[PDB]
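Visitor: generate coordinates for the sequence data below:
(chains A and B, ligands or ions: 8)
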Number of protein chains: 2
Amino acid sequence: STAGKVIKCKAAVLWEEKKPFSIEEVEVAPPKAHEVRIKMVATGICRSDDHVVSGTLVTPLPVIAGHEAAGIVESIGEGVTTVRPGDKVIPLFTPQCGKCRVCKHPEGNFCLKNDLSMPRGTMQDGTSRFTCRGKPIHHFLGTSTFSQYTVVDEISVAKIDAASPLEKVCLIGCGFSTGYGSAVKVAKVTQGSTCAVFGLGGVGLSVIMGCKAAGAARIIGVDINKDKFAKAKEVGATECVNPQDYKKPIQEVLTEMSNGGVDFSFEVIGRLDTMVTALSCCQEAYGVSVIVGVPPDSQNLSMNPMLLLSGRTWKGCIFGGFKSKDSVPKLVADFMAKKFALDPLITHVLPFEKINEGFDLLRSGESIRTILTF
Amino acid sequence: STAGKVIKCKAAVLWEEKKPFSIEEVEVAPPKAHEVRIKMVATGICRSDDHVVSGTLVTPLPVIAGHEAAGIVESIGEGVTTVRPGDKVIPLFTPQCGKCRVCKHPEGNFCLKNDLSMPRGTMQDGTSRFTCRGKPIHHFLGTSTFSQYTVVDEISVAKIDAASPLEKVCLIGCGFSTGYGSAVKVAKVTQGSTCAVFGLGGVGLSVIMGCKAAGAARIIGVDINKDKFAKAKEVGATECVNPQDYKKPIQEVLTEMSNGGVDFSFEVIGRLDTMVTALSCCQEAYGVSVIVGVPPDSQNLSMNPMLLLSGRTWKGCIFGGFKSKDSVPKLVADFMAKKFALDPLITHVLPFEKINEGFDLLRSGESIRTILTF
Ligand SMILES: NC(=O)c1ccc[n+]([C@@H]2O[C@H](COP(=O)([O-])OP(=O)([O-])OC[C@H]3O[C@@H](n4cnc5c(N)[nH+]cnc54)[C@H](O)[C@@H]3O)[C@@H](O)[C@H]2O)c1
Ligand SMILES: NC(=O)c1ccc[n+]([C@@H]2O[C@H](COP(=O)([O-])OP(=O)([O-])OC[C@H]3O[C@@H](n4cnc5c(N)[nH+]cnc54)[C@H](O)[C@@H]3O)[C@@H](O)[C@H]2O)c1
Ligand SMILES: OCc1c(F)c(F)c(F)c(F)c1F
Ligand SMILES: OCc1c(F)c(F)c(F)c(F)c1F
Ligand SMILES: [Zn+2]
Ligand SMILES: [Zn+2]
Ligand SMILES: [Zn+2]
Ligand SMILES: [Zn+2]
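Guide: Numbering: from 1, shown residues only, chains lettered A, B, ... in the order given. Ligands and ions are numbered 1, 2, ... in the order given. Next up is the structure itself:
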């Protein structure tokens, strides 16, 4: 048995910013109390993982990144009650401790045990389970899914349906749930409304899915890469616009197209300028804009607060506003009942060993989601 | 009779910025089609009127300001159906045309016929009803209440209870309704919640009234003028804090006081810094912050969008989110039914001829609302 023992396995270690991942052997300690060690089956490449590489997102290095994944429990530490060895699970990059003021709140999901706001790159106990070349390696968001085995705190894992296809449902661990929830839960898109979605990657496509599910009459996709438009229309966009085609700023174009502003807009890119543009293009009196994209570290946007005084609502969210541990199993169940589709987001499949090629595909603009198989 | 004739009367004309009002004779044309001429009875001094004087707000000059008032209809133009001569009325600085997309929207109140966004300083027809010393004088927000008589568009006036005390209910024309609605309608303050209110003038006090009416457990008033604290506690503040008393930024103080951030915060001053502070002090995952204050013309704030990404909601409003013509008569009816109090807001009552003294009282920090009586 491997239970109670250090596992040697391959992981994708990021030693330095702006460098390829190094696929090499790591040592994965056994789980301590209220920890779970997971044999990974599939992990998606989310733009936020790339942000770690580019320095857009600052987290301590060296690191094992990865946060969108699914696997099978190898072993559980003392006191674990919510998963067992052999269970299929999705790591939760937003934990759900169930005890903090946010977890107890009907609408909050950004559990105070998160490692996002001020990343330490550790387990909840402030230590690491990973060694590489004899050196400690940081965790990422308590998940570190770019490894054949990871160890996560119990509050950062959800048991999912035993019959789930892990190579699909890993997307519920970040990109699908985030985009879909941003529309259906956070914005609360209404039937007959007009939506504008900035950024047509995996997350933006999932926003469109949610807007369509909510009954939006018009869903305007916005991207500077027109190659993204065909898939956006397939999943529900009624029109697509490329800001580069227009002389005027796209907020003006979108205001004109929507006869005075859209009902709901979404920033699904990660740029300060598009966050302000997305706000501006919603109707000034009753529009709602949701920020989903991750901004470059420590940078402030500039905006005129008259955009809000007139009546706009501006909000953001992590993980689509979903309470993670409650929601992930339900989302999987709904997927299994064909309530939504994940295949439109999956454009490439690669073995884990080809992780760098998977990032190249994202960076070139060619992929939506590449799923890596272990 | 005056009907159908030019009225010569007294008004407070602002000829240029940063100068006293000139109290002198103006000529007031009779109302054209769909216009209403009102004999003013009482008008309040709102900080937004002072913003015109100070240049914080830009609107065409020379101007007859004033927007918080009540009076009695002197005459109506052809086609007016909603008021008649002799009716008590409140001018509506936010109109309610009933036809535009905002008026038709269940939540929106910032009617597209407003003269706030891009002020012209005219009637709806692009002309003025005021002359002074042979010169045309601009209107202000379609109301211009600093005059013994004004002319307003029908969409900018509401009929109110004939038994209403006009020297109190004029506050429903701006400051009471704005603050109360910002809490009860826009923020939707919840029972048992913790609120922070920045600025304890007439509008901030009305926010406190609304937070208390909504059942907030804690209502923390914030002002740099500690003389404002006693009245804030009278109307429901459970604690008051002066940022000047602390070595740390007040957002940190308020986060600590509320064991991790407030449920609802309100900016009721008009400063960019306090807008960002008020946002920051609400709980990062589920907090709501509402901007009520009017900041200086054309200035942008700077903020880190991570404040929103974690889950905060940021909104603003004009006139407390109330659809003006529907809401004003109901608010007056509620006042007459003793559902809320207005006396706590009224610190001074002066003749109209003392308008400048009234503004000096506001600027010195001594008054909440001065009511000017004609
Ligand atoms: N809030 C959350 O919980 C959460 C979850 C997942 C992803 N994210 C972030 O969401 C963003 C999108 O992630 P993704 O879908 O994986 O990324 P992606 O696949 O890189 O998609 C981004 C899209 O934005 C497009 N784009 C780039 N610049 C512009 C521009 N100026 N105007 C219009 N379109 C432009 C780009 O062409 C691409 O199709 C990233 O910033 C992620 O870090 C946030
Ligand atoms: N959104 C609307 O529809 C609407 C309606 C009415 C008023 N307003 C605006 O709301 C604001 C308040 O109006 P009001 O109540 O008549 O004004 P006011 O009576 O001057 O009250 C403002 C209060 O803010 C206090 N203050 C000033 N600087 C600070 C600071 N740094 N920190 C904390 N407190 C501070 C000040 O001492 C005073 O008590 C003004 O900007 C108005 O223009 C907006
Ligand atoms: O893609 C999800 C995601 C986020 F939304 C973040 F805000 C973040 F910091 C991060 F590391 C992450 F992975
Ligand atoms: O006090 C109400 C009020 C406002 F909220 C404004 F935004 C404004 F421009 C103005 F002139 C005004 F009077
Ligand atoms: Zn929690
Ligand atoms: Zn992600
Ligand atoms: Zn209207
Ligand atoms: Zn006012």
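
Visitor: what's the burial count for residue A:163?
Guide: Counted with other C-beta atoms under 10 Å in any protein chain shown, residues neighbouring residue A:163 total 8. Using the backbone N, CA and C atoms, a C-beta is placed for each residue, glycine as well.

Visitor: what's near enough to touch it?
Guide: Residues in contact with residue A:163 (C-beta atoms under 8 Å, 6 or more residues apart in numbering or on different chains) are residue A:336.

Visitor: please apply the same query to residue A:221.
Guide: If you count contacts by C-beta under 8 Å, 6+ apart, residue A:221 has them with A:197, A:200, A:204, A:208, A:228-229, A:232-233, A:237, A:239-241.

Visitor: how about the helix or strand hosting it and ligand 1, any contact?
Guide: Element membership for residue A:221 (DSSP states H and E) is strand A:218-222. Yes - Strand A:218-222 reaches ligand 1 (C-beta under 6 Å from any ligand atom) through residue A:222.

Visitor: the residue nearest the centre of chain A and residue B:329, how far apart?
Guide: For chain A, the residue nearest the mean C-alpha position is residue A:174 (3.2 Å; C-alpha atoms, centre = their mean). Per C-beta to C-beta, to the nearest Å, residue A:174 is found 51 Å from residue B:329.

Visitor: just to revisit the earlier point, what's near enough to touch the residue nearest to the centre of chain A?
Guide: So residue A:174 contacts A:44, A:46, A:48, A:67-68, A:93, A:319 (C-beta under 8 Å, 6+ apart).

Visitor: among the residues you listed, name the ones in strands.
Guide: residue A:44 (DSSP state E).

Visitor: pipe the contacts of residue A:174 into JSON lines and attach neighbour count and distance to ligand 5 per row.
Guide: Converted to JSON lines, the contacts of residue A:174 look like this (neighbours: other C-beta atoms under 10 Å in any protein chain shown; distance: C-beta to the ion, whole Å):
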{"residue": "A:44", "neighbour count": "28", "distance to ligand 5": "25"}
{"residue": "A:46", "neighbour count": "25", "distance to ligand 5": "22"}
{"residue": "A:48", "neighbour count": "23", "distance to ligand 5": "21"}
{"residue": "A:67", "neighbour count": "25", "distance to ligand 5": "18"}
{"residue": "A:68", "neighbour count": "29", "distance to ligand 5": "21"}
{"residue": "A:93", "neighbour count": "28", "distance to ligand 5": "14"}
{"residue": "A:319", "neighbour count": "26", "distance to ligand 5": "13"}
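
Visitor: could you export the contacts of residue A:174 as JSON lines, including distance to ligand 6?
Guide: Formatted as JSON lines, the contacts of residue A:174 follow (distance: C-beta to the ion, whole Å):
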{"residue": "A:44", "distance to ligand 6": "8"}
{"residue": "A:46", "distance to ligand 6": "3"}
{"residue": "A:48", "distance to ligand 6": "4"}
{"residue": "A:67", "distance to ligand 6": "6"}
{"residue": "A:68", "distance to ligand 6": "5"}
{"residue": "A:93", "distance to ligand 6": "7"}
{"residue": "A:319", "distance to ligand 6": "8"}
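
Visitor: out of the contacts of residue A:174, flag the one nearest to residue B:261.
Guide: residue A:319 (19.4 Å; C-beta to C-beta).

Visitor: now that closest one: closest residue in space, sequence neighbours ignored.
Guide: residue A:94 (4.5 Å; C-beta to C-beta, 6 or more residues apart in numbering or on different chains).

Visitor: how many other residues sit next to residue A:298?
Guide: So residue A:298, with other C-beta under 10 Å, has 8 neighbours.

Visitor: let's verify it: helix, strand, or coil?
Guide: coil (DSSP: H, G, I helix; E, B strand; the rest coil).

Visitor: got a list of what it touches?
Guide: Residue A:298 neighbours (C-beta under 8 Å, 6+ apart): A:58, B:304.

Visitor: now swap in residue A:144 and tell me
Guide: A:11, A:63-66, A:130, A:150, A:152.

Visitor: circling back to that earlier point, and the gap between the closest residue to the residue nearest to the centre of chain A other than its chain neighbours and ligand 2?
Guide: Leaving aside its chain neighbours, residue A:174 sits nearest to residue A:68 (3.7 Å; criterion: C-beta to C-beta, 6+ apart). Per C-beta to the nearest ligand atom, to the nearest Å, residue A:68 is found 42 Å from ligand 2.

Visitor: ok, residue A:351 next?
Guide: Residue A:351 is 58 Å from ligand 2, where distance means C-beta to the nearest ligand atom.

Visitor: hey, what's that residue bridged with?
Guide: Using DSSP bridges, the beta-bridge partners of residue A:351 come out as residue A:373.

Visitor: redo the contacts of residue A:144 as CSV? Include neighbour count and secondary structure.
Guide: Shown next, in CSV, are these (neighbours: other C-beta atoms under 10 Å in any protein chain shown; DSSP: H, G, I helix; E, B strand; the rest coil):
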residue, neighbour count, secondary structure
A:11, 29, strand
A:63, 24, strand
A:64, 26, strand
A:65, 31, coil
A:66, 32, coil
A:130, 25, strand
A:150, 32, strand
A:152, 28, strand
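
Visitor: ok, so of the residues you listed, who is nearest residue A:255?
Guide: Closest approach between the contacts of residue A:144 and residue A:255, by C-beta to C-beta: residue A:65, at 38.7 Å.

Visitor: residue contacts, residue A:2?
Guide: A:74-75.

Visitor: mind running it again at 6 Å?
Guide: Counting by C-beta atoms under 6 Å, 6 or more residues apart in numbering or on different chains, residue A:2 touches no other residue.

Visitor: please apply the same query to residue A:291.
Guide: Here residue A:291 is in contact with A:267, A:275, A:316, B:305, B:308-309 (criterion: C-beta under 6 Å, 6+ apart).

Visitor: dump the strand holding residue A:221 to CSV, keeping only the CA atoms.
Guide: Provided in CSV are the C-alpha atoms of strand A:218-222 (Å, rounded to 0.1, in the frame of the first residue of the first chain):
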residue,chain,number,x,y,z
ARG,A,218,-29.1,38.8,-27.1
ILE,A,219,-25.6,37.7,-26.2
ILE,A,220,-22.9,39.8,-27.8
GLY,A,221,-19.4,38.2,-27.7
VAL,A,222,-16.5,40.6,-27.7
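
Visitor: which elements pack onto the helix or strand just after it?
Guide: Reading on from strand A:218-222 to the C-terminus, the next helix or strand found by DSSP H and E is helix A:229-235. Under the contact definition 3 or more C-beta pairs under 6 Å, 6 or more residues apart in numbering or on different chains; DSSP states H and E, helix A:229-235 sits against helix A:202-213.

Visitor: residues in contact with the helix it packs on?
Guide: With C-beta under 6 Å, 6+ apart, helix A:202-213 has contacts from A:175-176, A:178-180, A:182-184, A:189, A:195, A:197, A:219, A:235-237, A:266, A:268, A:345, A:368-369.

Visitor: which of these fall in strands?
Guide: Those of the contacts of helix A:202-213 lying in strands (DSSP E): A:195, A:197, A:219, A:266, A:369.

Visitor: closest to residue B:72 among these?
Guide: Using C-beta to C-beta, the ones in strands among the contacts of helix A:202-213 come closest to residue B:72 at residue A:195, 47.5 Å.

Visitor: filter the contacts of helix A:202-213 down to the buried ones, ChimeraX style.
Guide: Per 16 or more other C-beta atoms under 10 Å in any protein chain shown, the buried members of the contacts of helix A:202-213 correspond to this ChimeraX selection:
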select /A:175,176,178,179,180,182,183,184,189,195,197,219,235,236,237,266,268,345,368,369
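
Visitor: which residues are contacting the host helix or strand of residue A:52?
Guide: With elements taken from DSSP H and E, the one containing residue A:52 is helix A:47-54. Under the contact criterion C-beta under 6 Å, 6+ apart, helix A:47-54 has outside partners A:57, A:59, A:65, A:294.

Visitor: could you give the angle of it to helix A:202-213?
Guide: 160 degrees (axes from the mean of the first three to the mean of the last three C-alpha atoms, to 10 degrees).

Visitor: return the set of buried residues in helix A:47-54.
Guide: So helix A:47-54, judged by 16+ other C-beta under 10 Å, has buried residues A:47-49, A:51-53.

Visitor: great, nothing more from me.
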